[PDB]
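# Could you work out the structure for the sequence below:
(one chain, ligands or ions: 1)
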Amino acid sequence: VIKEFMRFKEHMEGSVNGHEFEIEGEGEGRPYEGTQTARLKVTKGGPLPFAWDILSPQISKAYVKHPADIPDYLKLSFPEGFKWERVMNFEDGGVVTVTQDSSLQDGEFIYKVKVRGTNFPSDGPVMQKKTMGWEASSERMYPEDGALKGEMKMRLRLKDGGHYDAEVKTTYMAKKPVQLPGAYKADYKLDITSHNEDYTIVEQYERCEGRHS
Ligand SMILES: [Cl-]
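Numbers count the residues shown, from 1 in each chain. Below, you will see the structure:
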């Protein structure tokens, strides 16, 4: 059911520091090569009053290149699919938590996402929009408690020139008990490839590849 080319559709709804929004997206990629692009639009509550960059990693692990000998748990979860839940703790006390459902219908991946951001300082780089995308990330993947966990430190580049840091923990759970992998790493790079002024229209590109640790 996972072809060498696959599209996806995404609906995200959320709030950050009280500001409500919805985003719709359509994307496409090559799941066995670890590569994907997407076009996204803010459909309600745009222009966003905070950094797009805190949303970009919430907006697709079906598209991770896996060697032969690492069970690709997330592809094997389809057509039913998988749920994930995440928390990002940012250095200045900001917090993002995400709940997500992924499935496959009519030959395309369907993503349904709920995002809540809170406690970001008003004078911070997130509410002031002073960020400049993510550095490459390596996610520590390991089985625990019948689910696949991931942990990562992410570094958001700052326009003034430093970095702004977040510690991340996610639980990924297939809807049927398909084969969990052993411990490994997933190397990411995510790039914003286009945005309009106010970031109500945004394109992204991501590559991700798994490897033994
Ligand atoms: Cl169908």
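# how about stretch 115-123 as CSV, C-alpha atoms only?
This file holds the C-alpha atoms of stretch 115-123, laid out as CSV (Å, rounded to 0.1, in the frame of the first residue of the first chain):
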residue,chain,number,x,y,z
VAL,A,115,-0.9,21.4,18.5
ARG,A,116,-0.8,23.5,21.8
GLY,A,117,1.9,26.0,22.6
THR,A,118,2.1,27.8,25.9
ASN,A,119,4.3,29.8,28.4
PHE,A,120,6.4,31.4,25.6
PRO,A,121,7.7,34.8,26.8
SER,A,122,6.2,37.7,25.0
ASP,A,123,9.7,39.2,24.4
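# Residue 23 reaches residue 59, doesn't it?
Yes. Here residue 23 reaches residue 59: they are 7.4 Å apart, a contact under Cβ atoms under 8 Å. Quick note: C-beta positions are derived from backbone N, CA and C, even for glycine.
# so what sits against both of these two?
10, 12, 40 (Cβ atoms under 8 Å, 6 or more residues apart in numbering).
# picking that back up, which one of residue 23 and residue 59 has more residues nearby?
Taking neighbours as other Cβ atoms under 10 Å, residue 23 and residue 59 compare with residue 23 leading, 25 against 21.
# Quickly find the element holding residue 24.
Using DSSP states H and E, residue 24 falls within strand 19-30.
# Check which residues of that strand are buried.
Within strand 19-30, the residues scored as buried using 16 or more other Cβ atoms under 10 Å are 21, 23, 25, 27-29.
# Which strands border it, and is each parallel or antiparallel?
With DSSP bridges as the test, strand 19-30 is paired with strand 6-16 (antiparallel), strand 35-44 (antiparallel).
# now the ones you listed in CSV, with distance to residue 115?
As requested, the strands paired with strand 19-30 are exported to CSV (distance: least, Cβ to Cβ, whole Å):
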stretch, distance to residue 115
strand 6-16, 3
strand 35-44, 12
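# Make sure residue 69 is indeed in a strand.
No. With DSSP: H, G, I helix; E, B strand; the rest coil as the criterion, residue 69 is assigned coil and is not in a strand.
# which residues touch stretch 125-134?
Residues from elsewhere that reach stretch 125-134 (Cβ under 8 Å, 6+ apart): 17, 49-51, 53-54, 56-57, 90, 94, 117, 120-121, 154-160, 164, 189-192.
# Which parts of this protein are strands?
With strands called from DSSP state E, the chain shows them at 6-16, 19-30, 35-44, 82-90, 95-105, 108-118, 131-134, 137-144, 147-158, 163-174, 184-195, 201-211.
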